Structure formats: C-alpha cells, structure tokens
Amino acid sequence: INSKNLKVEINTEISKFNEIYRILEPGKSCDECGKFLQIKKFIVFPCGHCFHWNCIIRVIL
Amino acid sequence: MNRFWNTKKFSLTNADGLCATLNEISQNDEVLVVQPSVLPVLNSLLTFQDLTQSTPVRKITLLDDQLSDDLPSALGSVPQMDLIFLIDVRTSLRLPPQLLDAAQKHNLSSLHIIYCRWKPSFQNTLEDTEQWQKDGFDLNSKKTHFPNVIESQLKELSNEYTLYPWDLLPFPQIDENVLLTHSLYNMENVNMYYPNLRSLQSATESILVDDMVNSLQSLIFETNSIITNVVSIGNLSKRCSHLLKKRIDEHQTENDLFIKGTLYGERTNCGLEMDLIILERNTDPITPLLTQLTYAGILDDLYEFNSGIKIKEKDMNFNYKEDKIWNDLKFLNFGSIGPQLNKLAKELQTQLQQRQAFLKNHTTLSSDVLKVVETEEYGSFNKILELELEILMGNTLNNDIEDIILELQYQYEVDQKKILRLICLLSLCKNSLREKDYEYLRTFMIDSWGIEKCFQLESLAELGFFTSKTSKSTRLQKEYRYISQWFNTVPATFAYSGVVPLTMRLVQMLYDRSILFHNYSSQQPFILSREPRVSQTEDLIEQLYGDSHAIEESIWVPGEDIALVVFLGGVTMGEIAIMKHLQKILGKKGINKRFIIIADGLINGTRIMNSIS
C-alpha cells in the first residue's frame with residue numbers, strides 16, 4: 001500500500017511538473033561567459049544560472 | 001550625455017565646478033581678478049547676479065598695466081580676504097608678467113591662482129577609493145611625477161602656491177547644435193594657424209593639433225563613444241588621426257575593452273555607427289573670402305564677434321537659451337527678414353511685454369543695418385557681389401583686369417582689406433597667374449599703400465594664396481573652371497553669391513554620388529551607401545591635390561547617427577547654414593543622420609587679413 005501511494009504521488013508530481021516551468025529572465029542577464037546571455041542561446045537552469053550552449057560544452061571538455 | 005549628446009547639459013558642469021571652487025576658497029568677502037582674454041567666456045556662462053548670490057565674491061577686475069598704478073589705489077584698497085587671480089596657460093606656455101611684477105611690488109601675503117585644463121577622464125572617478133589605502137601603500141604618488149609643469153618658472157617670492165585646477169569642457173554658445181573650442185588665438189591676439197612670423201610654423205601647427213586632439217579625447221571619453229569609421233582629408237588630418245588613435249589605444253582604462261568585446265566584436269555587430277570626417281581649411285581657400293549674405297554673416301563681418309557671442313555697440317544679448325525671435329531669424333537670408341518681421345509684428349497686434357521689447361529691438365537693429373548697408377559708399381556692397389559672381393564663372397580678358405581693379409579703388413572709397421581679398425581671390429581662382437602682371441600689380445600696391453606692403457605680399461606669397469605660374473601641406477593646383485564641371489556649385493544656395501561651397505560638395509560626394517553621376521561618370525560602386533567609403537574616386541582627387549594620398553579611410557572596429565565633423569582652421573559661418581540644408585535634404589532622401597560641427601574658432605576674411613600683417 002505504501003509503495004502504491006508513493007508511486008501515485010510521484011506520478012502526480014511528475015504530471016504537475018510538466019509545462020509549469022514558468023522560469024523568468026531578468027532585465028539584462030549573463031553568466032560564465034560574461035559577455036551577454038542574449039547573443040547565442042538560452043541554456044538556462046534553475047537557481048538562476050545562464051549559459052551560452054558553448055561555455056558549458058567548453059567546461060565539460 | 002550617456003550616448004545621447006545633450007549639449008546644453010555640458011554647460012552646468014563648468015559652472016558647478018567654478019562655483020564649488022570659489023565657495024571653497026574662503027568664507028569671506030572676495031575680490032576676483034580675471035585675465036582679459038578669458039573674462040568674456042566666463043561672463044557668457046555665469047551672470048553677475050548669480051555670481052554675487054552663489055559665492056560671496058563682490059568685485060571683478062582685469063589684468064592690465066593699469067593695475068600697477070592702481071596697486072596703491074585698487075589693490076591696496078578692498079582686499080577683504082585675499083586676491084584670487086585667474087589665468088589661461090593652455091597656449092603660449094608663459095604666465096603674464098603683470099602678476100609677476102605685482103607679487104614682488106605690492107608684496108601680497110597670500111597668493112592663490114586658478115588655471116584651466118581639460119577634464120582628466122583617465123582619473124576614472126578617483127579610481128574607486130584608492131583601493132583600501134592602496135592595499136598597504138602598494139601604490140603611491142609622492143615624487144612620482146615631474147616637479148612642475150609650465151609653472152616651474154614660478155619659483156620666486158613666497159611659497160603661496162595654492163593652485164586650483166578648475167576643469168573645463170566644450171559647451172555651445174552660438175547655437176544648440178554646434179559647440180565651440182577657443183584654441184585659435186593666444187593672449188596676444190595672434191592667429192594660431194596663420195601667425196605673422198614666418199620662422200616657427202611647424203611648432204605652432206604641432207601645438208594646435210595637439211590641443212585639438214586633447215579636446216576631442218576629452219569629449220569622446222566624456223560621452224563614452226566608440227569611433228568606427230574615419231575619413232581623413234589632407235596632410236595635417238592624417239597626423240591628427242594617427243595621434244588620436246595612439247592616445248586612445250594607450251590611455252584607455254579597463255572594464256571597457258571587455259565591453260569592446262561584448263559590443264561589436266567578431267562575427268557580430270549591434271548597428272551603432274559614429275563618423276569622424278576631418279578637413280583642413282588650406283584644402284579649399286576658395287570660400288573663406290566670399291561676401292556673406294545671411295543675417296548673422298552680414299552682422300558679423302561689419303561688427304566682429306568677440307570670444308563671447310555678443311557685440312560692443314549693442315547691449316542686448318544674442319544668447320539662444322532665453323529668446324526665440326533670434327532662433328528663427330539668425331540663419332535666414334537678409335531679404336526674407338522684412339516681410340517676416342512685418343507679419344510677426346502685425347499678428348501680435350490682435351493679441352508678455354518682453355516679446356514686445358524684443359521685437360522692437362530687432363526692428364530697430366534691422367532698420368539700422370539696412371540704413372548702413374546703403375549710403376555708405378553706395379553700390380559697393382552690390383558691386384563686389386557682381387564682380388565676384390563674374391570672376392567665379394570666369395570672364396577675365398587680356399589686361400582688362402587692371403582697368404577694373406583701380407575702377408573702384410578711388411572712384412568709390414574702399415578699405416585696403418576688400419581690395420587685398422579680391423586680388424587674392426583673383427590670383428587663386430585661375431590656379432595660376434602669369435609673370436607679366438605681378439610687375440604691375442605689386443608696383444601699384446607698393447605705390448598706393450606704403451613700403452611695408454612688399455613684406456605682406458612676400459609673406460603671403462608662400463602659403464598658396466598668392467602664387468606665380470613660374471611636406472607640400474596639401475595645396476590646391478587645379479583650375480576652378482574644371483571644378484565647375486565635375487561639381488555643380490554654380491547652377492538651393494544662400495549666404496554667398498549663389499555659389500555652393502567646395503567643402504559642401506566634398507562632404508556630399510562621400511554619401512551620394514548624384515552630381516558626380518551627371519558629369520564624369522559611367523559606373524559607380526554604389527548610389528546610396530550608409531557607411532562612408534572612398535573608391536574609384538582617386539584620379540579626380542589625384543590631380544586636384546597632386547598626390548593620391550590626401551584621402552585616408554580608416555576602419556577601427558574589427559568586423560540615429562552621430563557624425564563629428566571637426567574643423568581645423570576655423571568655420572566660415574556660411575558653411576553652418578548649408579550644413580542644416582544638407583542634413584534636411586539627406587533626411588528627406590532616406591539617410592537619417594545628425595551633424596555636430598566642432599570649431600576651433602570663427603574665421604572670416606577680414607579677421608584673416610589682420611592676422612597676416
């Protein structure tokens with residue numbers, strides 16, 4: 001019963017999390033690269049982080 | 001201000017700095033002593049009432065040898081707190097001897113002086129807070145400099161050297177659009193470009209270009225601009241551009257090259273363009289000598305404007321920030337002033353008394369000017385116009401010129417300057433004068449106007465104004481009748497004898513080759529280019545100056561509009577009138593831009609003639 005309840009709660013949370021992102025971009029923004037967020041791409045994470053889709057691939061390399 | 005050149009905002013900073021310095025001098029009754037040359041500039045910025053109310057100073061004086069006799073009369077009297085001199089040492093690198101003799105004789109016990117300088121943007125707002133005591137005195141400024149600059153010659157009397165560096169940056173006076181920098185005269189009223197001593201031209205030219213570069217650097221760093229395209233014309237402009245580029249690339253701080261990477265940069269741009277077209281007056285000596293026909297031009301060559309924009313004979317100020325009648329009539333033609341004034345006067349009749357006083361004063365001044373145009377050697381003001389118009393198109397015959405030069409020499413009385421200017425224009429229009437006419441013209445000149453005229457005709461005969469048919473400084477060596485074919489100066493035009501200035505078409509060709517398309521054209525790289533470019537237009541300017549190197553095009557960034565058209569060698573104010581027409585017609589055609597005319601000082605025909613004398 002506990003496993004079924006946990007599975008139901010997890011499924012409900014997953015369904016709720018879909019299409020509820022509602023993340024916001026600040027007036028002017030940038031990170032890691034330093035130059036400007038709005039010049040290449042919008043790879044954005046939670047807790048307020050910004051990437052160029054290029055600096056991040058440079059980091060992993 | 002902040003990428004938007006709010007020109008009137010420049011005025012407040014200088015006044016605020018001066019007021020703060022004067023009020024921080026001492027909280028007592030002060031007496032001000034101002035240099036004769038700089039005083040008119042100060043009065044054009046701070047009014048007497050505001051000066052009295054803002055700071056406790058109550059007296060202003062002048063640097064003169066009269067003060068030496070008044071040292072026991074004026075200096076001995078008053079002196080409630082101290083004496084605060086104000087000097088200008090930006091040029092001529094020499095303090096006036098008046099203060100030197102007054103210090104030792106009257107034996108002042110407290111010497112404080114004010115010296116002017118351009119804003120040191122490199123100080124970058126005191127550089128934060130000295131980095132928390134320079135991170136443990138890791139940096140220091142004690143003895144890390146030359147002992148003194150210029151003022152090292154002041155090493156006498158006492159140690160009262162409480163110098164105070166009042167800042168100064170260009171601000172507009174004559175009109176909102178155009179600023180003005182005073183770097184064309186010394187304290188001795190000697191021209192900074194045409195000195196009357198043909199032994200030290202090179203140093204004077206170097207000093208002038210250095211000061212102009214310093215002023216441009218100050219303005220550029222104040223407005224935080226990034227020059228992208230440079231179109232240099234002439235020889236001196238090349239050195240000016242190179243020096244400016246080196247100084248910008250050397251003294252710039254950090255935290256902006258990072259912005260220089262973000263903005264502009266590689267493989268991208270943000271659509272911001274500023275142009276720095278630069279010209280020299282020696283390139284086109286054709287049109288500083290023509291007769292003015294606009295209102296302010298006519299009012300200028302008959303009554304000379306001083307450093308401040310005002311006149312001695314009248315009393316009302318011509319400042320544009322408090323009156324609107326002067327705004328709409330300054331640059332209009334003289335003929336279209338009467339009926340406009342009549343309509344303005346009659347419309348107010350149906351309809352505050354300050355407007356009535358303004359219109360009455362303007363009407364009286366216009367009537368006086370109209371009266372003085374006629375009855376004062378009647379017909380000369382028109383005869384010179386017809387003669388100039390005839391000469392510009394070209395109608396000189398064999399030896400007939402000698403008949404007309406003396407025709408108005410004594411039939412109608414006339415000043416020396418008009419004759420000298422007209423003969424200079426005659427010798428310059430044809431690009432060459434034969435060897436069989438100088439022997440008579442010079443003889444008649446030395447006959448009629450003394451012995452010293454030979455020295456004038458010799459010294460003036462090497463700058464290019466007075467040349468004979470039998471480091472080049474970019475003279476002009478092409479017949480003018482040719483230039484009337486490539487260009488359409490003689491057909492839209494005013495402020496002259498119905499002729500378009502040569503600089504006008506020179507700047508026109510950089511953006512739209514329409515008139516050049518009608519004559520001498522079978523193919524062109526473009527018809528409407530936003531960015532300034534020069535290509536396939538070399539031979540025409542190769543023969544026009546004798547060297548295919550006067551034109552310089554420089555791109556600085558690797559990859560609506562503010563154009564800075566400086567003027568090294570004065571602005572003939574008629575060009576300012578046609579600049580607005582250019583802006584309007586270009587905006588109508590599709591290209592939208594804004595022009596700011598940087599001037600080193602108003603230049604005019606007669607004002608030149610006293611210079612080379």
# chains A, B, ... in the order shown; residues from 1 in each chain; ligands from 1
>>> interface_residues(of="chain A", to="chain B", cutoff="10 Å", atoms="only C-alpha atoms", output="mmCIF file with C-alpha atoms, in the first residue's frame")
data_model
loop_
_atom_site.group_PDB
_atom_site.id
_atom_site.type_symbol
_atom_site.label_atom_id
_atom_site.label_comp_id
_atom_site.auth_asym_id
_atom_site.auth_seq_id
_atom_site.Cartn_x
_atom_site.Cartn_y
_atom_site.Cartn_z
ATOM 1 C CA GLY A 34 30.476 37.088 -19.115
ATOM 2 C CA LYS A 35 29.710 38.812 -22.416
ATOM 3 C CA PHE A 36 25.911 38.650 -22.772
ATOM 4 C CA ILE A 39 23.684 36.669 -28.108
#
>>> residues_around(residues="residue A:49", least_positions_apart="2", cutoff="10 Å", atoms="only C-alpha atoms", output="CSV table (one decimal) with N, CA and C atoms, in the first residue's frame")
chain,number,residue,atom,x,y,z
A,29,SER,N,21.0,40.0,-18.6
A,29,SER,CA,21.4,38.8,-17.9
A,29,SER,C,22.6,38.2,-18.5
A,30,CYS,N,23.4,37.4,-17.7
A,30,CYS,CA,24.6,36.8,-18.2
A,30,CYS,C,25.3,36.0,-17.1
A,31,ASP,N,26.2,35.1,-17.5
A,31,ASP,CA,26.9,34.2,-16.6
A,31,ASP,C,27.9,33.4,-17.3
A,32,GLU,N,29.0,33.0,-16.5
A,32,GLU,CA,30.0,32.1,-17.0
A,32,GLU,C,30.8,32.7,-18.1
A,43,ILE,N,20.4,28.5,-22.8
A,43,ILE,CA,20.5,27.4,-21.9
A,43,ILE,C,20.5,27.8,-20.5
A,44,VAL,N,19.3,27.7,-19.9
A,44,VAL,CA,19.0,28.3,-18.6
A,44,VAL,C,18.7,27.1,-17.6
A,45,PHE,N,19.2,27.2,-16.4
A,45,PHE,CA,19.0,26.2,-15.4
A,45,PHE,C,18.2,26.8,-14.2
A,46,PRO,N,17.7,26.0,-13.2
A,46,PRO,CA,17.1,26.7,-12.1
A,46,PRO,C,18.1,27.4,-11.2
A,47,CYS,N,17.7,27.9,-10.1
A,47,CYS,CA,18.5,28.7,-9.1
A,47,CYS,C,19.3,29.8,-9.8
A,51,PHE,N,23.8,30.2,-19.5
A,51,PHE,CA,24.9,29.6,-20.3
A,51,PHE,C,24.6,29.9,-21.7
>>> closest_residue(among="A:22, A:33, A:14, A:4", to="residue A:56", atoms="only C-alpha atoms")
A:33
>>> select_by_dssp(residues="chain A", states="strand (DSSP E)", output="JSON, numbers by chain")
{"A": [43, 44, 45, 49, 50, 51]}
>>> atom_distance(atom1="atom CA of residue B:5", atom2="atom CA of residue B:326")
23.3 Å
>>> atom_distance(atom1="atom CA of residue B:302", atom2="atom CA of residue B:377")
13.9 Å
>>> residues_around(residues="stretch 46-57 of chain B", least_positions_apart="3", cutoff="8 Å", atoms="only C-alpha atoms", output="list in words")
residues 15, 19, 22, 23, 27, 28, 29, 30, 31, 32, 42 and 43 of chain B
>>> write_last_selection(atoms="N, CA and C atoms", output="short mmCIF file (atom, residue, chain, number, x, y, z; two decimals), in the first residue's frame")
data_model
loop_
_atom_site.label_atom_id
_atom_site.label_comp_id
_atom_site.auth_asym_id
_atom_site.auth_seq_id
_atom_site.Cartn_x
_atom_site.Cartn_y
_atom_site.Cartn_z
N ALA B 15 29.99 75.48 -14.62
CA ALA B 15 29.50 76.45 -13.65
C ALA B 15 29.51 75.86 -12.24
N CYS B 19 31.74 77.36 -9.22
CA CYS B 19 31.07 77.81 -8.01
C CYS B 19 31.59 77.08 -6.78
N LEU B 22 35.14 78.44 -5.97
CA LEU B 22 35.12 79.79 -5.42
C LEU B 22 34.53 79.81 -4.02
N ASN B 23 33.48 79.03 -3.77
CA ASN B 23 32.90 78.97 -2.44
C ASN B 23 33.78 78.22 -1.45
N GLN B 27 35.37 81.68 3.24
CA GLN B 27 34.06 82.23 3.58
C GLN B 27 34.21 83.66 4.09
N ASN B 28 34.58 84.55 3.17
CA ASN B 28 34.76 85.96 3.46
C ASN B 28 34.41 86.76 2.21
N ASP B 29 34.71 88.06 2.25
CA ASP B 29 34.48 88.94 1.11
C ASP B 29 35.67 88.86 0.17
N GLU B 30 35.44 88.38 -1.05
CA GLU B 30 36.50 88.10 -2.01
C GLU B 30 36.48 89.12 -3.14
N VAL B 31 37.64 89.29 -3.77
CA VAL B 31 37.80 90.13 -4.95
C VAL B 31 38.41 89.28 -6.04
N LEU B 32 37.77 89.25 -7.20
CA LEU B 32 38.17 88.39 -8.31
C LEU B 32 39.00 89.19 -9.32
N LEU B 42 33.81 83.61 -19.38
CA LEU B 42 33.20 83.42 -18.07
C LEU B 42 31.87 84.17 -17.96
N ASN B 43 31.82 85.39 -18.49
CA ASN B 43 30.58 86.17 -18.41
C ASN B 43 29.47 85.55 -19.25
#
>>> select_by_dssp(residues="stretch 413-569 of chain B", states="helix (DSSP H, G or I)", output="PyMOL selection string")
chain B and resi 416-429+438-448+453-459+480-486+502-509+515-518+539-545
>>> atom_distance(atom1="atom CA of residue B:201", atom2="atom CA of residue B:455")
17.1 Å
>>> closest_residue(among="B:521, B:356, B:497, B:13", to="residue B:287", atoms="only C-alpha atoms")
B:497
>>> residues_around(residues="residue B:71", least_positions_apart="4", cutoff="9 Å", atoms="only C-alpha atoms", output="PDB file with C-alpha atoms, in the first residue's frame")
ATOM      1  CA  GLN B  66      46.780  99.956 -15.202  1.00  0.00           C
ATOM      2  CA  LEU B  67      46.561  97.761 -12.093  1.00  0.00           C
ATOM      3  CA  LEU B  75      44.827  96.546  -4.849  1.00  0.00           C
ATOM      4  CA  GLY B  76      45.709  98.487  -1.690  1.00  0.00           C
ATOM      5  CA  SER B  77      42.001  99.115  -1.109  1.00  0.00           C
ATOM      6  CA  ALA B 102      52.529  92.810  -8.790  1.00  0.00           C
ATOM      7  CA  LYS B 105      55.999  95.160  -5.578  1.00  0.00           C
ATOM      8  CA  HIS B 106      52.739  95.195  -3.610  1.00  0.00           C
TER       9      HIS B 106
END
>>> closest_residue(among="B:214, B:351, B:253, B:336", to="residue B:118", atoms="only C-alpha atoms")
B:214
>>> residues_around(residues="stretch 231-246 of chain B", least_positions_apart="6", cutoff="6 Å", atoms="only C-alpha atoms", output="number ranges by chain")
B: 277-279, 474, 550-553
>>> write_last_selection(atoms="N, CA, C and O atoms", output="PDB file, in the first residue's frame")
ATOM      1  N   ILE B 277      34.679  62.551 -39.926  1.00  0.00           N
ATOM      2  CA  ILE B 277      35.230  63.224 -41.098  1.00  0.00           C
ATOM      3  C   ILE B 277      35.957  64.489 -40.663  1.00  0.00           C
ATOM      4  O   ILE B 277      35.416  65.315 -39.918  1.00  0.00           O
ATOM      5  N   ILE B 278      37.196  64.647 -41.132  1.00  0.00           N
ATOM      6  CA  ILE B 278      38.069  65.740 -40.723  1.00  0.00           C
ATOM      7  C   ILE B 278      38.567  66.459 -41.970  1.00  0.00           C
ATOM      8  O   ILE B 278      38.960  65.817 -42.951  1.00  0.00           O
ATOM      9  N   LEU B 279      38.549  67.790 -41.934  1.00  0.00           N
ATOM     10  CA  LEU B 279      39.003  68.608 -43.049  1.00  0.00           C
ATOM     11  C   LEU B 279      39.972  69.673 -42.557  1.00  0.00           C
ATOM     12  O   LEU B 279      40.049  69.975 -41.362  1.00  0.00           O
ATOM     13  N   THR B 474      49.431  70.104 -48.723  1.00  0.00           N
ATOM     14  CA  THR B 474      48.167  69.887 -49.433  1.00  0.00           C
ATOM     15  C   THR B 474      47.568  71.208 -49.932  1.00  0.00           C
ATOM     16  O   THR B 474      46.506  71.655 -49.496  1.00  0.00           O
ATOM     17  N   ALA B 550      46.142  62.138 -50.125  1.00  0.00           N
ATOM     18  CA  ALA B 550      45.440  63.029 -49.209  1.00  0.00           C
ATOM     19  C   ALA B 550      44.225  62.344 -48.601  1.00  0.00           C
ATOM     20  O   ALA B 550      43.920  62.535 -47.418  1.00  0.00           O
ATOM     21  N   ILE B 551      43.517  61.544 -49.397  1.00  0.00           N
ATOM     22  CA  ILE B 551      42.368  60.806 -48.889  1.00  0.00           C
ATOM     23  C   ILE B 551      42.849  59.659 -48.014  1.00  0.00           C
ATOM     24  O   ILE B 551      43.722  58.876 -48.412  1.00  0.00           O
ATOM     25  N   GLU B 552      42.287  59.557 -46.813  1.00  0.00           N
ATOM     26  CA  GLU B 552      42.586  58.461 -45.904  1.00  0.00           C
ATOM     27  C   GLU B 552      41.277  57.899 -45.374  1.00  0.00           C
ATOM     28  O   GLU B 552      40.414  58.657 -44.921  1.00  0.00           O
ATOM     29  N   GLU B 553      41.125  56.579 -45.435  1.00  0.00           N
ATOM     30  CA  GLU B 553      39.949  55.905 -44.899  1.00  0.00           C
ATOM     31  C   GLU B 553      40.413  54.866 -43.892  1.00  0.00           C
ATOM     32  O   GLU B 553      41.192  53.970 -44.237  1.00  0.00           O
TER      33      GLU B 553
END
>>> decode(residues="stretch 24-50 of chain A", atoms="N, CA and C atoms", output="PDB file, in the first residue's frame")
ATOM      1  N   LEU A  24      11.852  32.810 -15.322  1.00  0.00           N
ATOM      2  CA  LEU A  24      11.824  34.210 -15.829  1.00  0.00           C
ATOM      3  C   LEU A  24      13.244  34.697 -16.139  1.00  0.00           C
ATOM      4  N   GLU A  25      13.387  35.594 -17.120  1.00  0.00           N
ATOM      5  CA  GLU A  25      14.717  36.181 -17.440  1.00  0.00           C
ATOM      6  C   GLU A  25      14.767  37.615 -16.903  1.00  0.00           C
ATOM      7  N   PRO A  26      15.848  38.029 -16.206  1.00  0.00           N
ATOM      8  CA  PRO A  26      15.923  39.369 -15.613  1.00  0.00           C
ATOM      9  C   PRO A  26      16.207  40.448 -16.666  1.00  0.00           C
ATOM     10  N   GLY A  27      15.874  41.707 -16.359  1.00  0.00           N
ATOM     11  CA  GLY A  27      16.210  42.804 -17.286  1.00  0.00           C
ATOM     12  C   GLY A  27      17.709  42.820 -17.481  1.00  0.00           C
ATOM     13  N   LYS A  28      18.200  42.258 -18.592  1.00  0.00           N
ATOM     14  CA  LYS A  28      19.668  42.120 -18.795  1.00  0.00           C
ATOM     15  C   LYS A  28      20.113  40.892 -17.994  1.00  0.00           C
ATOM     16  N   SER A  29      20.957  40.039 -18.577  1.00  0.00           N
ATOM     17  CA  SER A  29      21.352  38.788 -17.877  1.00  0.00           C
ATOM     18  C   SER A  29      22.625  38.209 -18.499  1.00  0.00           C
ATOM     19  N   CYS A  30      23.391  37.442 -17.717  1.00  0.00           N
ATOM     20  CA  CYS A  30      24.618  36.792 -18.246  1.00  0.00           C
ATOM     21  C   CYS A  30      25.302  35.987 -17.138  1.00  0.00           C
ATOM     22  N   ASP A  31      26.196  35.068 -17.513  1.00  0.00           N
ATOM     23  CA  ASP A  31      26.912  34.239 -16.554  1.00  0.00           C
ATOM     24  C   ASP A  31      27.942  33.389 -17.282  1.00  0.00           C
ATOM     25  N   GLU A  32      28.961  32.973 -16.527  1.00  0.00           N
ATOM     26  CA  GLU A  32      30.021  32.090 -17.003  1.00  0.00           C
ATOM     27  C   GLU A  32      30.810  32.720 -18.144  1.00  0.00           C
ATOM     28  N   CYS A  33      30.171  32.896 -19.304  1.00  0.00           N
ATOM     29  CA  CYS A  33      30.850  33.539 -20.426  1.00  0.00           C
ATOM     30  C   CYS A  33      31.192  34.987 -20.098  1.00  0.00           C
ATOM     31  N   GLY A  34      30.244  35.715 -19.514  1.00  0.00           N
ATOM     32  CA  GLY A  34      30.476  37.088 -19.115  1.00  0.00           C
ATOM     33  C   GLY A  34      29.957  38.122 -20.095  1.00  0.00           C
ATOM     34  N   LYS A  35      30.036  37.825 -21.392  1.00  0.00           N
ATOM     35  CA  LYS A  35      29.710  38.812 -22.416  1.00  0.00           C
ATOM     36  C   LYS A  35      28.249  39.247 -22.388  1.00  0.00           C
ATOM     37  N   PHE A  36      27.336  38.349 -22.757  1.00  0.00           N
ATOM     38  CA  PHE A  36      25.911  38.650 -22.772  1.00  0.00           C
ATOM     39  C   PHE A  36      25.136  37.366 -23.017  1.00  0.00           C
ATOM     40  N   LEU A  37      24.076  37.155 -22.234  1.00  0.00           N
ATOM     41  CA  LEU A  37      23.273  35.947 -22.393  1.00  0.00           C
ATOM     42  C   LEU A  37      22.550  35.923 -23.734  1.00  0.00           C
ATOM     43  N   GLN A  38      22.006  37.059 -24.158  1.00  0.00           N
ATOM     44  CA  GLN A  38      21.122  37.107 -25.323  1.00  0.00           C
ATOM     45  C   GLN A  38      21.894  37.323 -26.621  1.00  0.00           C
ATOM     46  N   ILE A  39      22.935  36.526 -26.865  1.00  0.00           N
ATOM     47  CA  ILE A  39      23.684  36.669 -28.108  1.00  0.00           C
ATOM     48  C   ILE A  39      23.834  35.332 -28.825  1.00  0.00           C
ATOM     49  N   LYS A  40      23.798  34.224 -28.081  1.00  0.00           N
ATOM     50  CA  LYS A  40      23.986  32.909 -28.686  1.00  0.00           C
ATOM     51  C   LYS A  40      22.803  31.978 -28.458  1.00  0.00           C
ATOM     52  N   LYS A  41      22.414  31.736 -27.210  1.00  0.00           N
ATOM     53  CA  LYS A  41      21.338  30.802 -26.901  1.00  0.00           C
ATOM     54  C   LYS A  41      20.898  31.040 -25.460  1.00  0.00           C
ATOM     55  N   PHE A  42      19.927  30.252 -25.005  1.00  0.00           N
ATOM     56  CA  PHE A  42      19.265  30.467 -23.722  1.00  0.00           C
ATOM     57  C   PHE A  42      19.251  29.180 -22.904  1.00  0.00           C
ATOM     58  N   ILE A  43      20.407  28.532 -22.788  1.00  0.00           N
ATOM     59  CA  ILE A  43      20.517  27.358 -21.931  1.00  0.00           C
ATOM     60  C   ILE A  43      20.455  27.844 -20.491  1.00  0.00           C
ATOM     61  N   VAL A  44      19.281  27.726 -19.875  1.00  0.00           N
ATOM     62  CA  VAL A  44      19.015  28.280 -18.555  1.00  0.00           C
ATOM     63  C   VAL A  44      18.673  27.138 -17.608  1.00  0.00           C
ATOM     64  N   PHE A  45      19.192  27.215 -16.389  1.00  0.00           N
ATOM     65  CA  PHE A  45      18.961  26.212 -15.360  1.00  0.00           C
ATOM     66  C   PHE A  45      18.163  26.836 -14.221  1.00  0.00           C
ATOM     67  N   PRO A  46      17.686  26.049 -13.247  1.00  0.00           N
ATOM     68  CA  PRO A  46      17.080  26.659 -12.056  1.00  0.00           C
ATOM     69  C   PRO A  46      18.109  27.389 -11.208  1.00  0.00           C
ATOM     70  N   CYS A  47      17.669  27.913 -10.060  1.00  0.00           N
ATOM     71  CA  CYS A  47      18.507  28.684  -9.130  1.00  0.00           C
ATOM     72  C   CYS A  47      19.325  29.758  -9.848  1.00  0.00           C
ATOM     73  N   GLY A  48      18.756  30.337 -10.904  1.00  0.00           N
ATOM     74  CA  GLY A  48      19.333  31.493 -11.568  1.00  0.00           C
ATOM     75  C   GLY A  48      20.715  31.314 -12.163  1.00  0.00           C
ATOM     76  N   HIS A  49      20.831  30.493 -13.203  1.00  0.00           N
ATOM     77  CA  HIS A  49      22.084  30.324 -13.924  1.00  0.00           C
ATOM     78  C   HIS A  49      21.834  30.459 -15.420  1.00  0.00           C
ATOM     79  N   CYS A  50      22.854  30.937 -16.129  1.00  0.00           N
ATOM     80  CA  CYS A  50      22.754  31.205 -17.555  1.00  0.00           C
ATOM     81  C   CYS A  50      24.002  30.693 -18.261  1.00  0.00           C
TER      82      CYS A  50
END
